[PDB]
10 protein chains.
Amino acid sequence: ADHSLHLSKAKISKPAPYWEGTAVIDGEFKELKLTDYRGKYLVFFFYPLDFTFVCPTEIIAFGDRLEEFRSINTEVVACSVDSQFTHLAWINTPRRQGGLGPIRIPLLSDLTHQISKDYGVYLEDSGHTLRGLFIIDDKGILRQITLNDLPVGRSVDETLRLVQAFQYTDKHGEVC
Amino acid sequence: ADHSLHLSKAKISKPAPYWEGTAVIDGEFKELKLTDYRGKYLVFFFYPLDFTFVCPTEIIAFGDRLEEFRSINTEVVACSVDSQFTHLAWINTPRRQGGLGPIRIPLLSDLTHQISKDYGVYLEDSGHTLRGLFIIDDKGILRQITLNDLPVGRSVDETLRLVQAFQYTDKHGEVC
Amino acid sequence: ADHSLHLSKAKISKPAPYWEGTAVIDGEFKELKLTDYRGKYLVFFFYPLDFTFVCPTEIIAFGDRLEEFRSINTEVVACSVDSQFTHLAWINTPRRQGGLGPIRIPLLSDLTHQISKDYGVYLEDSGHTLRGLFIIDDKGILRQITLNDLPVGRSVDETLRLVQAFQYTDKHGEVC
Amino acid sequence: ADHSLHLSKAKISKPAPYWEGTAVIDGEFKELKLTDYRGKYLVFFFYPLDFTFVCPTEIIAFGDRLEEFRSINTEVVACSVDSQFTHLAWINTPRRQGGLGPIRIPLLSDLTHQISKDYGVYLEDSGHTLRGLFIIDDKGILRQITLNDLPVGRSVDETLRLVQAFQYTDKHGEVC
Amino acid sequence: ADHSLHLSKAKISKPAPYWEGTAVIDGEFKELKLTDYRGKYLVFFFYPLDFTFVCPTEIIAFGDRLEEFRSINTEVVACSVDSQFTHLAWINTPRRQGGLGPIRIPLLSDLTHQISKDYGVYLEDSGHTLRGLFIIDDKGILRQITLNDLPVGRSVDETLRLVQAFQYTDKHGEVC
Amino acid sequence: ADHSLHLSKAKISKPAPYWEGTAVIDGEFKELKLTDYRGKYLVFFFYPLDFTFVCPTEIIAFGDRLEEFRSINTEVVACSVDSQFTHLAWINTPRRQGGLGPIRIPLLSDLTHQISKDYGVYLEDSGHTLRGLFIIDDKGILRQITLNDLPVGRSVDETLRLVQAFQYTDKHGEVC
Amino acid sequence: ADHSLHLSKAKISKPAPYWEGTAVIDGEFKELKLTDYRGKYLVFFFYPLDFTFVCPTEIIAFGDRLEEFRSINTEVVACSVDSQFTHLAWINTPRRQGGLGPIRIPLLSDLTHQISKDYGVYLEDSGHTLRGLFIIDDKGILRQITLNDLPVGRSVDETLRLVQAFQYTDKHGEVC
Amino acid sequence: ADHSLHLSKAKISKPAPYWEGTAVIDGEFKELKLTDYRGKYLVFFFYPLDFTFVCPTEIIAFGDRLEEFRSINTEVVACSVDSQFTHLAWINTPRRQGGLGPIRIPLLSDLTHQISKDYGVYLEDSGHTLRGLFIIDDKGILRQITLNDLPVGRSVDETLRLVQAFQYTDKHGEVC
Amino acid sequence: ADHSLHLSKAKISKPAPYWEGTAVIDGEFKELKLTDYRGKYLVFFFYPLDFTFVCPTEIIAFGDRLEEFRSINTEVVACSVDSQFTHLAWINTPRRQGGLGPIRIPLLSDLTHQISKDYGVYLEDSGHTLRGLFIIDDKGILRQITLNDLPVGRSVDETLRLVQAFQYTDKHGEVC
Amino acid sequence: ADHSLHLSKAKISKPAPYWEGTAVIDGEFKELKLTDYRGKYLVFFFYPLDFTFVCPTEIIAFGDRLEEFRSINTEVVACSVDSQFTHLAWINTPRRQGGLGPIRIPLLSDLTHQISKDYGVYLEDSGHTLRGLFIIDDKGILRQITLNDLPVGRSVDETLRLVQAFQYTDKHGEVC
């Protein structure tokens, strides 16, 4: 139990840790699980907080390119330690007044801080997580781990490339 | 160190647990300590969440009756496990749309869950706290502990009479 | 076994600790148990001592207004660390001489200090308990915990309000 | 850490356990200590409860014959787990009504149960003590231990005989 | 194993510790158990040593008054840490030459020190026991514990009255 | 020491683990340390093995774009569990015969497996590491962690973008 | 503490365990120590009991030949677990009645069983020791250990031979 | 786990530790076990590294004289902590440029460092092994352990002589 | 495991420790056990070393008087920490040249030091045993233990006397 | 303390374990230490037993070729678990009768079995050691370990070659 060492259950080429929670999807609360994405690829990413003073360009970019992700049989889910009521309020607030507006990416609530601890992204002194990202294949196996310091974000193009690459490895062998 | 027994540091006739955090006070972020209230009485209470579908009649009632509490040398502080950004958004939201509206009672953030564990109010399976209330005298001594189940709230009149009674006991002897 | 942290078995939204003992009811010794109140609400409260120099206004007020509590399907029981013989002598002594006088509220003896430790009210250095109050619903679930400092007592009106509120929550949903 | 094995600090020919408390002496509350009896002999005895249905013949007999004990440089103290208020009420109640009446033997209160555990007389299941008696010489050394069942009491003549014998041993050598 | 605390097995109102040994009875060696006295009362007492320069007035007095004890359905047994050969020699020695002389009270040998440790009378530094006495009812329940410092002995009259009182309590209720 | 959990010393926003070793630089053995890059940015990455049947496009791409990394004050270092003699032979082998050819990127040796364990990349079952990449700032603070499953490699463009982003955050504040 | 293995402090060519006690010498009680024999040889032997039905031929033989032991600068001491009062009575009884009669060998009392445990001769189930013998030189060094079953005793001639042999070894070298 | 003491599983006249791995045999990768050599003698030896600047005299000498070992029903296997790809490249490189060239002795890979630890040859600070040699009989029993320091190597003639001696001992008794 | 206290398994009136080994009997190696002497008496003794510069008068004396020991149904065995080859060479060497010469007493070997440790005679600092002797009855029960300091040996006459005494005790009762 | 693993203190390129003892040198008893060979090379070897039926070919061969070893600044010492008296008798016995005869190689005694345990050669079940050999350089650093099974011995030519090789490595660098 040395700080954040033993807490993390995330290992590559191993079954990704199981999570369940309440997500705001299409403006309604829903129950979501990891195994709901079996037989399909999943991009699962963590961002620090809602209602901050910085534009959520990552979520907006991922949502605007969502049909490009499911054109290769992949879903995308975002997570935060906020509650589903805060997520709904963040969506329901107009983007001009510092909000999300309509979004097509499910917003998962980690109010118990447990999903964050399983994936090793929770910051004890901060009370929230860092900016992180995970790729999970059809069989629920962790294939990629990316972890950034807080200011910096993640690129949609890189995630597309990585998912296509992992799928190509799944289908064929090795490329020269 | 199981459940809420060993975690709770709150005891009556003992120095109340020390807390510090960031609060939305009069619309701006501020840094607040417990010792900022030394020499005065303090009503420190918890509520489950922001942006819920239930009217926050407790906070509104306490804030509307603030001159009665200040006239007897007492301040009032509310706490929740939400971030200061969520508190600010909840205040800035119109009350007709479900928001708090303007308030004169500081909203303290307990994003790290530590304040909740100190006072024995955090619910592990829920991710938030129950509805609890504490009275702290001029010297920072816990005088009263009140814990309700989640649905039911607290009455401003009872808090007024309790604080007046504690002050009267401080000034003089027992009454016949 | 850190002082009084681990001794208390009282948790909210959990089954209230089981207690049994000998009570002075209607001037006679009787055997009383917690489960004797199943199917009804129960106001279970503690007070420091018998035969003291202060007036027992709490017990007298609760007993004098017992039909209001019984009209909402609720019983009331008082507890102390005194023996049943002391309770009987306190009742049998005229109230003008400093006694209790006739009472309609059962007086429960906690001579072994076990009930006090279960509910986390026993004061080790004093040899008696503080002023505590507990509400238990039809199913034996703790709904409310109130702990005052020794000088200050409890209000019958607040207890009535809280019992009515919990019952209303039991019957209907949430009120706006 | 058995029920009454490790708790008892009472050993013969060893210094008697130190005790302090509040006693009803001549109708007034007083502070009493073991070392207040240094340089004199002390008969320290326990009895189960106040305000019981049985006659306190032991206390009455010891008090009525107090000049015999004082004529051989010896005091007598009685102890119980009742509070000093119960002792005062028991004395103030007329003996015809079942009370103690006026008494010349101090009544020591053990509400914290500590004195009872030091002398190994506290009964855990009952919440009070058995009938025990201890003799302590001028130097605070335990000379005699006597433990009876709850029904059976002690004799004043035997106590006087034992005190005279111990004093004679203190002065001279051995008698043939 | 703190000194002589955990060693003692003797408790009031609990089954008395079981003992067995070799006794000099009527001038012959015999095997004796505790259960040989079931259905009768038993006075079991200890004395320091044989062949000392002090007259054994206790043993002589108890033996001379044996018909008084037998007339109330009671036996008496004496014990010491000496061997049965020493007891036999002490009896066979003329009383004028410092011996015991003929006796009607069995002398039990505790050469292994185990009986002494069971009843909490053995003195580690002395190598023998103190002067102790125990009363055991028909069912083998310890009713009275008396422990004297080494110089002082016991009175036969007190033992008679104690046994009569315990028997009276067995037969009927409390006396007024 | 639960598998690879406690072994890893690599944490974000914390000083990157210290490493030292022998590197093949410009065709010669040299001693290299982490502190040799203090006051400059460093891209530290791992690759599985030398002399394999798969072309090392990652190393070749990083080396060919070295002047573009150096224009933003950044070095690049590669690590493997192979010995410096294996690295030298791999470089000293023509690329047409399945070799590295000349390279401008230092090749570090992790023959003791310590560097891999510190950065949490070593695979116990296979005896080498996965494909990992780390960004370290001027002050030796870990800024970003990337872990790919073995088949899939890393992109020079993404690393350049991330380093530019971290540097921009270092210089200015936050961008809208 | 495995039975009797760890209790014994007796080792050969090592300083013999220290003992002190009360001995009957010339018919008077005396305090005796091991170091009282320094600079002088000592034969220290253990026998089971006093006042038994078997003639003490060992003690009588050793005493009758005491001048043949002190003529080679050697003392003899006997020990038993009996008390000095029993030893005195055993001496003060004529041999025709089963006694020692006058004796010139000191009789040491081991009432605390500690000397026996140090020399590893105490029998737990018996309550006394076996028949044993030890030789100690001028410097307090154990030179010989002899241990017999209870029924069999020791020979004075063998002890004389052994003491002469050890003294001759002290004076000169090995003999051919 | 005292450094390198408990790791070693090799013991004379005991079943040799079991090993399995990948070897370069006749220019192809193969799977090899220890039990593949049952019914034959086996010379299992370690050497530090591949591609070093020193000449591999041991391997070349053993391979060039392999028919002598095979004529006495003996196999030879070499091991190192390098990967099978490094072994294949070392063989494929011409001997003029510092390679093995063609070899008839299998090259076993110990990339996991486990075989080295089982046979007690791994050097923790170096990252490789020392030069050690082991003889294993038909039944898989270790007959000899030889451990040279790093510079010094092993002789083919001595190994042949030792294998012949062990076989002769197997066939018949001791020779005069 | 305190030095040599815990090692010894030899206790009186208890079954003697089991031993097995290789003995030189009548000039030939034989396998010998303790149970080979069941149903008859055994004298088992130790001596320091073979081939020393001191004449082995003990062994010679025991062997020369062997028919006198056999006439009372008793065997004699000697033990040492030397190997059977050393024993055979010692016997096979002429007595004039510092040897044993022919002997009729079996010479047992304790090369593993186990027999010596079981009987508590082994000396850790010197690597051999002291001079000890043991008597074992028909039932394999240790009857007498003799331990001499190294210079001094044992007497055949005393052993004969002791064996005759033990046998007489076995047959009859006690002698006067 | 797992069998023979923790006992061994011998490791390559480390200071060889320190030993001291008694040796038979030129027919005389001498005291020998390991540090007596500082500044010279040392061949320290073990052999099973003395006086065995097998010819001591190893010792005789090493002794007859001692001038070759001394011409390269090297000493030779043999060790066994036998006593120095056995070594002296083995030398003094004529070689025709199964002895060493005159020898120029010191014979060291390991009667305490400690030297054997330090070098990991002692065999617990047999009570002696196997055939092992050790090379120790000028600075007392263990430089080779060789462990043959008991039937098979060591060759003088190989030891000479190894010592020459180690000395040549000491003088200059590696040879091609």
# chains A, B, ... in the order shown; residues from 1 in each chain; ligands from 1

call {"tool": "interface_residues", "arguments": {"of": "chain B", "to": "chain A", "cutoff": "6 Å", "atoms": "only C-alpha atoms", "output": "PyMOL selection string"}}
result
chain B and resi 51-52+85+111-112+127

call {"tool": "select_by_dssp", "arguments": {"residues": "region 63-136 of chain J", "states": "alpha helix (DSSP H)", "output": "ChimeraX atom specification"}}
result
/J:63-64,66-70,84-92,114-118

call {"tool": "write_last_selection", "arguments": {"atoms": "N, CA, C and O atoms", "output": "PDB file, in the first residue's frame"}}
result
ATOM      1  N   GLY J  63      52.184 -34.391  -2.768  1.00  0.00           N
ATOM      2  CA  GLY J  63      53.400 -34.277  -1.982  1.00  0.00           C
ATOM      3  C   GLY J  63      54.654 -34.572  -2.778  1.00  0.00           C
ATOM      4  O   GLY J  63      55.680 -33.910  -2.601  1.00  0.00           O
ATOM      5  N   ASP J  64      54.597 -35.571  -3.661  1.00  0.00           N
ATOM      6  CA  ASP J  64      55.768 -35.928  -4.451  1.00  0.00           C
ATOM      7  C   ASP J  64      56.082 -34.902  -5.529  1.00  0.00           C
ATOM      8  O   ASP J  64      57.181 -34.928  -6.089  1.00  0.00           O
ATOM      9  N   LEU J  66      55.718 -31.468  -4.970  1.00  0.00           N
ATOM     10  CA  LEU J  66      55.592 -30.206  -4.254  1.00  0.00           C
ATOM     11  C   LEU J  66      56.582 -29.160  -4.751  1.00  0.00           C
ATOM     12  O   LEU J  66      56.331 -27.958  -4.612  1.00  0.00           O
ATOM     13  N   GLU J  67      57.704 -29.587  -5.333  1.00  0.00           N
ATOM     14  CA  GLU J  67      58.680 -28.620  -5.821  1.00  0.00           C
ATOM     15  C   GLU J  67      58.152 -27.846  -7.022  1.00  0.00           C
ATOM     16  O   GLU J  67      58.521 -26.683  -7.213  1.00  0.00           O
ATOM     17  N   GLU J  68      57.295 -28.466  -7.838  1.00  0.00           N
ATOM     18  CA  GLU J  68      56.679 -27.743  -8.948  1.00  0.00           C
ATOM     19  C   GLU J  68      55.778 -26.627  -8.445  1.00  0.00           C
ATOM     20  O   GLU J  68      55.770 -25.525  -9.002  1.00  0.00           O
ATOM     21  N   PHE J  69      55.001 -26.896  -7.397  1.00  0.00           N
ATOM     22  CA  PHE J  69      54.129 -25.871  -6.836  1.00  0.00           C
ATOM     23  C   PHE J  69      54.930 -24.791  -6.126  1.00  0.00           C
ATOM     24  O   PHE J  69      54.580 -23.609  -6.195  1.00  0.00           O
ATOM     25  N   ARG J  70      55.995 -25.176  -5.423  1.00  0.00           N
ATOM     26  CA  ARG J  70      56.780 -24.187  -4.693  1.00  0.00           C
ATOM     27  C   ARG J  70      57.598 -23.318  -5.634  1.00  0.00           C
ATOM     28  O   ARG J  70      57.933 -22.180  -5.292  1.00  0.00           O
ATOM     29  N   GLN J  84      44.119 -34.616  14.911  1.00  0.00           N
ATOM     30  CA  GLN J  84      45.544 -34.587  14.608  1.00  0.00           C
ATOM     31  C   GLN J  84      46.238 -35.867  15.051  1.00  0.00           C
ATOM     32  O   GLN J  84      47.256 -36.254  14.467  1.00  0.00           O
ATOM     33  N   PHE J  85      45.712 -36.533  16.076  1.00  0.00           N
ATOM     34  CA  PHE J  85      46.270 -37.817  16.480  1.00  0.00           C
ATOM     35  C   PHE J  85      46.056 -38.872  15.404  1.00  0.00           C
ATOM     36  O   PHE J  85      46.953 -39.678  15.132  1.00  0.00           O
ATOM     37  N   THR J  86      44.880 -38.878  14.773  1.00  0.00           N
ATOM     38  CA  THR J  86      44.645 -39.800  13.667  1.00  0.00           C
ATOM     39  C   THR J  86      45.552 -39.488  12.484  1.00  0.00           C
ATOM     40  O   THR J  86      46.067 -40.406  11.841  1.00  0.00           O
ATOM     41  N   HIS J  87      45.753 -38.205  12.175  1.00  0.00           N
ATOM     42  CA  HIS J  87      46.668 -37.840  11.096  1.00  0.00           C
ATOM     43  C   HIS J  87      48.084 -38.309  11.397  1.00  0.00           C
ATOM     44  O   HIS J  87      48.769 -38.849  10.520  1.00  0.00           O
ATOM     45  N   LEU J  88      48.543 -38.100  12.631  1.00  0.00           N
ATOM     46  CA  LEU J  88      49.887 -38.521  13.000  1.00  0.00           C
ATOM     47  C   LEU J  88      50.034 -40.031  12.916  1.00  0.00           C
ATOM     48  O   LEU J  88      51.063 -40.536  12.460  1.00  0.00           O
ATOM     49  N   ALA J  89      49.016 -40.773  13.360  1.00  0.00           N
ATOM     50  CA  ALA J  89      49.075 -42.227  13.267  1.00  0.00           C
ATOM     51  C   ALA J  89      49.013 -42.705  11.824  1.00  0.00           C
ATOM     52  O   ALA J  89      49.632 -43.717  11.482  1.00  0.00           O
ATOM     53  N   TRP J  90      48.259 -42.010  10.973  1.00  0.00           N
ATOM     54  CA  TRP J  90      48.174 -42.387   9.568  1.00  0.00           C
ATOM     55  C   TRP J  90      49.504 -42.166   8.870  1.00  0.00           C
ATOM     56  O   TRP J  90      49.905 -42.962   8.015  1.00  0.00           O
ATOM     57  N   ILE J  91      50.195 -41.082   9.214  1.00  0.00           N
ATOM     58  CA  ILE J  91      51.526 -40.850   8.665  1.00  0.00           C
ATOM     59  C   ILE J  91      52.513 -41.874   9.213  1.00  0.00           C
ATOM     60  O   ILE J  91      53.315 -42.448   8.468  1.00  0.00           O
ATOM     61  N   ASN J  92      52.455 -42.132  10.519  1.00  0.00           N
ATOM     62  CA  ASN J  92      53.442 -42.990  11.164  1.00  0.00           C
ATOM     63  C   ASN J  92      53.305 -44.445  10.741  1.00  0.00           C
ATOM     64  O   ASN J  92      54.294 -45.185  10.752  1.00  0.00           O
ATOM     65  N   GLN J 114      33.812 -27.298  11.479  1.00  0.00           N
ATOM     66  CA  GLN J 114      33.474 -25.915  11.160  1.00  0.00           C
ATOM     67  C   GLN J 114      34.091 -25.466   9.842  1.00  0.00           C
ATOM     68  O   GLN J 114      33.431 -24.788   9.045  1.00  0.00           O
ATOM     69  N   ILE J 115      35.351 -25.826   9.599  1.00  0.00           N
ATOM     70  CA  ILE J 115      35.992 -25.481   8.334  1.00  0.00           C
ATOM     71  C   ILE J 115      35.212 -26.072   7.173  1.00  0.00           C
ATOM     72  O   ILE J 115      35.021 -25.426   6.137  1.00  0.00           O
ATOM     73  N   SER J 116      34.745 -27.310   7.331  1.00  0.00           N
ATOM     74  CA  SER J 116      33.979 -27.959   6.278  1.00  0.00           C
ATOM     75  C   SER J 116      32.685 -27.214   5.996  1.00  0.00           C
ATOM     76  O   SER J 116      32.298 -27.042   4.835  1.00  0.00           O
ATOM     77  N   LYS J 117      31.996 -26.772   7.047  1.00  0.00           N
ATOM     78  CA  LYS J 117      30.742 -26.057   6.861  1.00  0.00           C
ATOM     79  C   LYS J 117      30.971 -24.693   6.224  1.00  0.00           C
ATOM     80  O   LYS J 117      30.137 -24.222   5.444  1.00  0.00           O
ATOM     81  N   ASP J 118      32.088 -24.039   6.550  1.00  0.00           N
ATOM     82  CA  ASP J 118      32.380 -22.739   5.957  1.00  0.00           C
ATOM     83  C   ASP J 118      32.570 -22.847   4.449  1.00  0.00           C
ATOM     84  O   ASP J 118      32.136 -21.968   3.697  1.00  0.00           O
TER      85      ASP J 118
END

call {"tool": "residues_around", "arguments": {"residues": "residue 35 (chain J)", "least_positions_apart": "4", "cutoff": "10 Å", "atoms": "only C-alpha atoms", "output": "PyMOL selection string"}}
result
chain J and resi 18-20+39-40+139-140

call {"tool": "residues_around", "arguments": {"residues": "residue 138 (chain E)", "least_positions_apart": "5", "cutoff": "12 Å", "atoms": "only C-alpha atoms", "output": "MDAnalysis selection string"}}
result
chainID E and resid 15:16 34:43 73:75 143 163 166:167 170

call {"tool": "write_last_selection", "arguments": {"atoms": "N, CA and C atoms", "output": "mmCIF file, in the first residue's frame"}}
result
data_model
loop_
_atom_site.group_PDB
_atom_site.id
_atom_site.type_symbol
_atom_site.label_atom_id
_atom_site.label_comp_id
_atom_site.auth_asym_id
_atom_site.auth_seq_id
_atom_site.Cartn_x
_atom_site.Cartn_y
_atom_site.Cartn_z
ATOM 1 N N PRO E 15 -17.232 -23.180 40.714
ATOM 2 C CA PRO E 15 -16.751 -24.488 41.188
ATOM 3 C C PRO E 15 -15.323 -24.401 41.697
ATOM 4 N N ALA E 16 -15.122 -24.852 42.932
ATOM 5 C CA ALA E 16 -13.820 -24.737 43.569
ATOM 6 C C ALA E 16 -12.796 -25.594 42.831
ATOM 7 N N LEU E 34 -11.045 -33.985 46.234
ATOM 8 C CA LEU E 34 -12.011 -32.964 46.622
ATOM 9 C C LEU E 34 -13.433 -33.491 46.508
ATOM 10 N N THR E 35 -13.706 -34.273 45.465
ATOM 11 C CA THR E 35 -15.038 -34.799 45.217
ATOM 12 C C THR E 35 -15.464 -35.832 46.243
ATOM 13 N N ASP E 36 -14.562 -36.262 47.124
ATOM 14 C CA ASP E 36 -14.958 -37.154 48.203
ATOM 15 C C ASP E 36 -15.884 -36.468 49.196
ATOM 16 N N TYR E 37 -16.011 -35.146 49.115
ATOM 17 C CA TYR E 37 -16.835 -34.371 50.029
ATOM 18 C C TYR E 37 -18.100 -33.832 49.375
ATOM 19 N N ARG E 38 -18.429 -34.289 48.172
ATOM 20 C CA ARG E 38 -19.666 -33.870 47.535
ATOM 21 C C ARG E 38 -20.865 -34.319 48.359
ATOM 22 N N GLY E 39 -21.890 -33.474 48.385
ATOM 23 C CA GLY E 39 -23.022 -33.682 49.255
ATOM 24 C C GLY E 39 -22.825 -33.203 50.673
ATOM 25 N N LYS E 40 -21.655 -32.694 51.010
ATOM 26 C CA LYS E 40 -21.398 -32.141 52.316
ATOM 27 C C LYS E 40 -20.686 -30.842 52.232
ATOM 28 N N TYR E 41 -20.650 -30.059 53.299
ATOM 29 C CA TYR E 41 -19.866 -28.837 53.366
ATOM 30 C C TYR E 41 -18.439 -29.149 53.803
ATOM 31 N N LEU E 42 -17.509 -28.290 53.396
ATOM 32 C CA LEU E 42 -16.092 -28.529 53.625
ATOM 33 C C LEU E 42 -15.376 -27.232 53.968
ATOM 34 N N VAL E 43 -14.608 -27.266 55.054
ATOM 35 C CA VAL E 43 -13.729 -26.179 55.465
ATOM 36 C C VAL E 43 -12.303 -26.606 55.145
ATOM 37 N N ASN E 73 -23.199 -31.114 59.425
ATOM 38 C CA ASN E 73 -22.939 -31.786 58.149
ATOM 39 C C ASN E 73 -21.773 -31.129 57.404
ATOM 40 N N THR E 74 -20.631 -31.059 58.084
ATOM 41 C CA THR E 74 -19.458 -30.372 57.566
ATOM 42 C C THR E 74 -18.197 -31.131 57.952
ATOM 43 N N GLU E 75 -17.251 -31.205 57.021
ATOM 44 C CA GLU E 75 -15.922 -31.733 57.285
ATOM 45 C C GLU E 75 -14.884 -30.623 57.226
ATOM 46 N N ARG E 143 -17.739 -20.583 48.492
ATOM 47 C CA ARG E 143 -18.661 -19.648 49.116
ATOM 48 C C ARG E 143 -17.977 -18.529 49.876
ATOM 49 N N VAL E 163 -20.692 -21.079 58.206
ATOM 50 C CA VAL E 163 -21.266 -22.270 57.589
ATOM 51 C C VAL E 163 -22.757 -22.348 57.878
ATOM 52 N N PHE E 166 -24.483 -19.836 55.548
ATOM 53 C CA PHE E 166 -24.585 -20.317 54.173
ATOM 54 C C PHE E 166 -25.643 -21.405 54.052
ATOM 55 N N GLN E 167 -25.711 -22.301 55.037
ATOM 56 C CA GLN E 167 -26.730 -23.344 55.010
ATOM 57 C C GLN E 167 -28.129 -22.755 55.112
ATOM 58 N N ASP E 170 -29.077 -21.391 51.888
ATOM 59 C CA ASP E 170 -29.449 -22.485 50.995
ATOM 60 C C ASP E 170 -30.877 -22.950 51.254
#

call {"tool": "residues_around", "arguments": {"residues": "residue 108 (chain D)", "least_positions_apart": "5", "cutoff": "6 Å", "atoms": "only C-alpha atoms", "output": "list in words"}}
result
residues 23, 78 and 79 of chain D

call {"tool": "residues_around", "arguments": {"residues": "residue 148 (chain D)", "least_positions_apart": "2", "cutoff": "7 Å", "atoms": "only C-alpha atoms", "output": "PyMOL selection string"}}
result
(chain D and resi 131-132+146+150+152-153) or (chain E and resi 143-145)

call {"tool": "closest_residue", "arguments": {"among": "C:147, C:29, C:17, C:95", "to": "residue 57 (chain C)", "atoms": "only C-alpha atoms"}}
result
C:95

call {"tool": "atom_distance", "arguments": {"atom1": "CA of residue 121 (chain A)", "atom2": "CA of residue 4 (chain A)"}}
result
8.6 Å

call {"tool": "select_by_dssp", "arguments": {"residues": "region 121-156 of chain J", "states": "strand (DSSP E or B)", "output": "ChimeraX atom specification"}}
result
/J:122,129,131-136,141-148

call {"tool": "residues_around", "arguments": {"residues": "residue 77 (chain G)", "least_positions_apart": "3", "cutoff": "6 Å", "atoms": "only C-alpha atoms", "output": "list in words"}}
result
residues 44, 105 and 106 of chain G

call {"tool": "write_last_selection", "arguments": {"atoms": "N, CA, C and O atoms", "output": "PDB file, in the first residue's frame"}}
result
ATOM      1  N   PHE G  44      28.605 -32.005  47.226  1.00  0.00           N
ATOM      2  CA  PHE G  44      27.253 -31.495  47.429  1.00  0.00           C
ATOM      3  C   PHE G  44      26.268 -32.534  46.907  1.00  0.00           C
ATOM      4  O   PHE G  44      26.222 -32.794  45.703  1.00  0.00           O
ATOM      5  N   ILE G 105      27.196 -33.585  59.247  1.00  0.00           N
ATOM      6  CA  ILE G 105      27.067 -33.079  57.885  1.00  0.00           C
ATOM      7  C   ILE G 105      25.953 -32.041  57.868  1.00  0.00           C
ATOM      8  O   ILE G 105      24.836 -32.349  58.303  1.00  0.00           O
ATOM      9  N   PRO G 106      26.211 -30.817  57.405  1.00  0.00           N
ATOM     10  CA  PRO G 106      25.146 -29.813  57.344  1.00  0.00           C
ATOM     11  C   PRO G 106      23.986 -30.269  56.472  1.00  0.00           C
ATOM     12  O   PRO G 106      24.174 -30.888  55.425  1.00  0.00           O
TER      13      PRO G 106
END
